[PDB]
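Below sits a lone chain in structure tokens, taken as the form deposited in one PDB entry.
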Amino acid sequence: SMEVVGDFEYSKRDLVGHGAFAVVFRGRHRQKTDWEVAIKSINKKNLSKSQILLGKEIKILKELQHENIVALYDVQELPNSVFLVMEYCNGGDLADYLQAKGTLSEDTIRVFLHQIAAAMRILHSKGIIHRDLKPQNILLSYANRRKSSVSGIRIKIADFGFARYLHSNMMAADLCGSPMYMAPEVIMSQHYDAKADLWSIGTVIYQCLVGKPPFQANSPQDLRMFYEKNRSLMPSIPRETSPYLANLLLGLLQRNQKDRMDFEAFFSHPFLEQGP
């Protein structure tokens, strides 16, 4: 029993992930059957009870077209559900890759980070923040399943469900007329969460290096309060960590956004600029 979604199909058995409002299946083109796809099914009624808008991810994925961001191939609307047909990542997620490898070398981390940074450059230039980056939505794709080493992995960022747009300066003036009544922080495009992804990336790199996240907690409750109470945190960096990677990690893992490394500093951090 295959479900049909435009020119594609999937089995409901082939679940490859899910969240509150969506499930994702491995599927394929119905005729070009070696063209695998990831089909995301969103329940409309469940979604309208959140603040999440239905067309946000669609629009973002079209605007973010790039080799380190999952592609969107088709949208199919039904009475109850919307289907997004997107790029399938045949390597699964970074979480599983880490479980299998334990910890990554600094050389491997550098290669992955170069790709994550490329993704982040395209988000940055469109004023998009992801806000929920984690090993579960940083995905691995192998172009040939023969080339199965690090140099055959292409990283692709997924799940923009919790993402948001940041306006620029005239992005406020150009559509909202005279700004005379507009709050200064809106006119000036001041955004508390503009560096959210940089923290995330920090936690992920740290976990690649060390084998655990830098600040664990038994629940969402504990982690909120731990971050509430401790207004300044030092992650534990192993002594063996190269000086520049440690510098990068401590810059990313700044509890206070204003003290956190910004994108240009991240993109041009000396750890990232290397040869082999």
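For the two forms, the rigid core is made up of the largest set of C-alpha atoms that agree within 1.5 Å on superposition. Start at 1 and count along the sequence shown; that's the residue number.
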{"property": "Missing-residue flag, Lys101, threshold a third of other entries", "result": "no"}
{"property": "Absent coordinates for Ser50 in a third or more of other compared entries", "result": "no"}
{"property": "Given 52-60 and 235-243, the range whose Cα B-factors average higher in the PDB entry", "result": "235-243"}
{"property": "Of 37-45 and 207-215, the one with larger mean CA B-factor", "result": "207-215"}
{"property": "Residue selected from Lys147, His130, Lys126, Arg110 by maximal Cα B factor", "result": "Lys147"}
{"property": "Per the PDB entry, maximal CA B factor within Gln76, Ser200, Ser141, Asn169", "result": "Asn169"}
{"property": "CA B-factor placement of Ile69, once the chain's modelled residues are sorted into thirds", "result": "lowest"}
{"property": "Lowest, middle or highest third - CA B-factor, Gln136", "result": "lowest"}
{"property": "Entry-reported Cα temperature factor of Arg28, expressed as the chain third it lands in", "result": "lowest"}
{"property": "Record-listed C-alpha B factor of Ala194: chain third", "result": "lowest"}
{"property": "Third of chain Cα B-factors occupied by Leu98", "result": "middle"}
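The form deposited in another entry exists for this protein as well; it is not shown, and the discussion that follows is about that form.
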item: Candidates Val210, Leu223, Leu250, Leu54 - which moves between this form and the one not shown, C-alpha at least 2 Å, core fixed; value: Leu54
item: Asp107 C-alpha relocation of at least 2 Å between this form and the one not shown, rigid core basis; value: no
item: Core-aligned CA displacement of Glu67 at least 2 Å between this form and the one not shown; value: no
item: Core-aligned C-alpha movement of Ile237 between this form and the one not shown reaching 2 Å; value: no
item: Relative Cα spacing, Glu185 and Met225, in that other deposited form - shift of 3 Å or more; value: closer
item: Closer or farther: C-alpha pair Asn256/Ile187 in that other deposited form, relative to this form, given a change of 3 Å or more; value: closer
